[PDB]
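Every residue, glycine as well, gets a Cβ built from its backbone with ideal geometry; the counts of neighbours run over all protein chains shown. Bear in mind these aren't lab numbers, they're just calculated from the coordinates by the rules spelled out.
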Amino acid sequence: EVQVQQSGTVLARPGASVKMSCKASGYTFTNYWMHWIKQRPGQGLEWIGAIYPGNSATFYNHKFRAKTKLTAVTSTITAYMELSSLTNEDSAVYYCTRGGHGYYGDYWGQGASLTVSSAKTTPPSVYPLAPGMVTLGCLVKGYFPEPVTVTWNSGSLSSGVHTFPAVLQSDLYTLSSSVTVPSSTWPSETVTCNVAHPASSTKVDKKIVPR
Amino acid sequence: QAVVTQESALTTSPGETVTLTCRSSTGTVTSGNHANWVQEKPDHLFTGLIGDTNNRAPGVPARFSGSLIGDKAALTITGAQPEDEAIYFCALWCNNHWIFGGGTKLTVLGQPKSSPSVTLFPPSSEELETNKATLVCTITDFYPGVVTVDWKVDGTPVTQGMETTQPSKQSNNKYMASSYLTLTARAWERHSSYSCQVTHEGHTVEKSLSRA
Ligand SMILES: C[C@@H]1O[C@@H](O)[C@H](O)[C@H](O)[C@H]1O[C@H]1O[C@H](CO)[C@@H](O)[C@H](O[C@H]2O[C@H](C)[C@H](O)C[C@H]2O)[C@@H]1O[C@H]1O[C@H](CO)[C@H](O)[C@H](O[C@@H]2O[C@@H](C)[C@H](O[C@H]3O[C@H](CO)[C@@H](O)[C@H](O)[C@@H]3O[C@H]3O[C@H](CO)[C@H](O)[C@H](O)[C@H]3O)[C@@H](O)[C@H]2O)[C@H]1O
């Protein structure tokens, strides 16, 4: 049916430039506008600009005229957006959307995440979170880049697990995961969280010990 | 230029009607502002809903309609469904820019309300060794998914050194969030009582610990 296919995740350093693309499927590329939208973690949505591939007319948000360059290749049915002089503020998820008369986005792409960082790949420090039903946790502190996976007892403990979204403390991420088990079960049955960080090929198991 | 203003959160029940409004700091919204409404569901899933003030996008249910109600653009959901729980953004074409409202979080009560389970964990000894101290507050199983988190250290409000996450939908459709208070081991050692206070639906749940 209609499909707006986006490029994947990008990691870039301050001062660089990146090119993102959106490929159309299911319609006449030249009769519609392609708009680009920025979603910053909790800064809402911002419109960057739009291109009409039929004749490459463009509209830009004034704020982004120095940052973005929009293009489209009508044989390849691809629109591109180039962002120059990346700063930390350009870290966001970007969407391309299909627009027409009176609207900017009836069909949306899936988003491309862009992180602009000066950090080096860093493995997590994993700390056990005992109290002393009971809730146990693990803190996965100080890793770069995303993601880390957390399992509990190599996957056997699947019920009552909550792994939270990572926050950025300094330029490194911190996330935690909790598991709630019946009080009779612990410490009798060992509970261990297993943290894997593929970018630094780290795999660490931390047994939760009563304090 | 314009500031577009939307309600920040609304709650309704299945089968009821709810109206969301979108207004501009330039005065009235007109047909030439082409008001658009879109929906964001978890994991960055966006759907176009309404375009050009009142046209439903392809495949959008008839229960969603857009209109200008006086000076404002509005989205009415006649007979709201549990799956309509989502964030709704309107945008206005003004001065050749699409300007976005801040989003309305709409709760359509699909299950009974649920108060948060709050757990506060102290720093681990192995992290205290590194000269850092993070207290972790986990908040799960709350519905509606709107919560405010406050930290106090020996009764004084903390508004430096804490990070809270945005509420995430759990697989059982209630919500979870965590908050971190990070301190140096030294500063940890200077205080006795630490509290994480979570308010949900006008009631606060508080969890406190003492360094000792
Ligand atoms: C540029 C491009 O070129 C080729 O590629 C191809 O031909 C494209 O189709 C073409 O695209 C333009 O034209 C299409 C119309 O066929 C239109 O669909 C396009 O817009 C779409 O895409 C963009 C990127 C957006 O996402 C909106 C989509 O609708 C695109 O339109 C844009 O460019 C044209 C160029 O001719 C116009 O400038 C167009 O503007 C519209 O018309 C003007 C007159 C509207 O302004 C009125 O409303 C404002 C808000 O009330 C007000 O501030 C203005 O003063 C003006 O108001 C008038 O009515 C008032 C009462 O309501 C007062 O009486 C006032 O005095 C009156 O002037 C504007 O909002 C648009 O609706 C622009 O969008």
What are the extents of the Cα atoms of region B:111-212 along their three principal axes, listed from largest to smallest and rounded to whole Å?
-> 45, 26, 22
Taking a threshold of 21 Å on the Cα-Cα distance, which of the pairs A:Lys120/A:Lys203; A:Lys141/B:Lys132; A:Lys69/B:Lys105; A:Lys19/A:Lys67 fall above it?
-> A:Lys69/B:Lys105
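Checking a compactness column here: for region A:1-120, what do you get for Rg(Cα) / (2.2 N^0.38 Å), N being the number of residues?
On the way: Rg = 13.8 Å, N = 120, 2.2 N^0.38 = 13.6 Å.
Normalised by 2.2 N^0.38 Å, the Cα Rg of region A:1-120 equals 1.01.
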Whole-Hz couplings from phi, Karplus 6.51/-1.76/1.60, listed for region A:194-202; x for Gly and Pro | 10, 10, 10, 10, x, 4, 10, 6, 9
Those trypsin sites (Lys or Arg not before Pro) from region B:1-80 that are DSSP loop and have at most 15 other Cβ neighbours within 10 Å turn out to be B:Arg63
Taking placed amide H atoms and a strict 5 Å upper bound, the residues 5 or more places from A:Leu172 or on another chain that come that close are none
Free-standing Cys, chain B [no other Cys Cβ under 4.7 Å] | B:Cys94
Across region A:157-164, in residue order, what do the Karplus-derived ³J(HN,Hα) couplings come to in whole Hz, using 6.51 cos²θ - 1.76 cosθ + 1.60 with θ = phi - 60° and x for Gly and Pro?
-> 9, 10, 7, x, 9, 10, 10, 8
Tell me which residues come under 5 Å, amide H to amide H, from A:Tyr104 once H is placed; ignore anything under 5 positions away on its chain.
-> none
Could you work out the mean projected area of the convex hull around the alpha carbons of chain A, in square nanometres to one decimal?
-> 14.7
Shape call for region B:72-126 from the C-alpha gyration tensor, a ≥ b ≥ c root eigenvalues: rounded (a/c under 1.5), prolate (a/b greater than b/c) or oblate?
-> oblate
Taking a ≥ b ≥ c as the square roots of the Cα gyration tensor eigenvalues, with a/c under 1.5 meaning rounded and otherwise prolate when a/b beats b/c or oblate if not, region B:1-110 comes out prolate
Under a straight-distance cross-link criterion of Cα-Cα below 16 Å, which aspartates and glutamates are reachable from A:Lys23, leaving out those fewer than 8 residues away in the same chain?
-> A:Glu1, A:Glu82, A:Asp106
So what's the back-of-envelope 222 nm ellipticity for chain B, counting only DSSP H runs of four-plus at -39500 (n - 2.57) apiece and dividing by all residues, rounded to 500?
-> -500 deg cm²/dmol
Beta carbons within 10 angstrom, averaged per residue: use that to sort the peptides B:120-126, B:85-91, highest first.
-> B:85-91, B:120-126
Rank these for me by crowding, A:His35, B:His44, B:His97, going from fewest to most other beta carbons within 10 Å.
-> B:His44, B:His97, A:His35
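Roughly speaking, what % of Cα-Cα pairs in region A:119-210 are separated by over 23 Å, rounded to a whole number?
Here the long-distance tail beyond 23 Å is 21 percent of all Cα pairs in region A:119-210.
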HN-Hα couplings for region A:179-193 via Karplus (6.51, -1.76, 1.60; θ = phi - 60°), in whole Hz with x for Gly/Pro, come out as 9, 10, 10, x, 4, 5, 5, 10, x, 3, 9, 5, 10, 9, 9
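To the nearest µm²/s, what D does Stokes-Einstein give for the protein assembly as shown at 25 °C and 0.890 mPa s, using the Kirkwood radius over alpha carbon pairs as Rh?
In µm²/s, the coefficient is 104.
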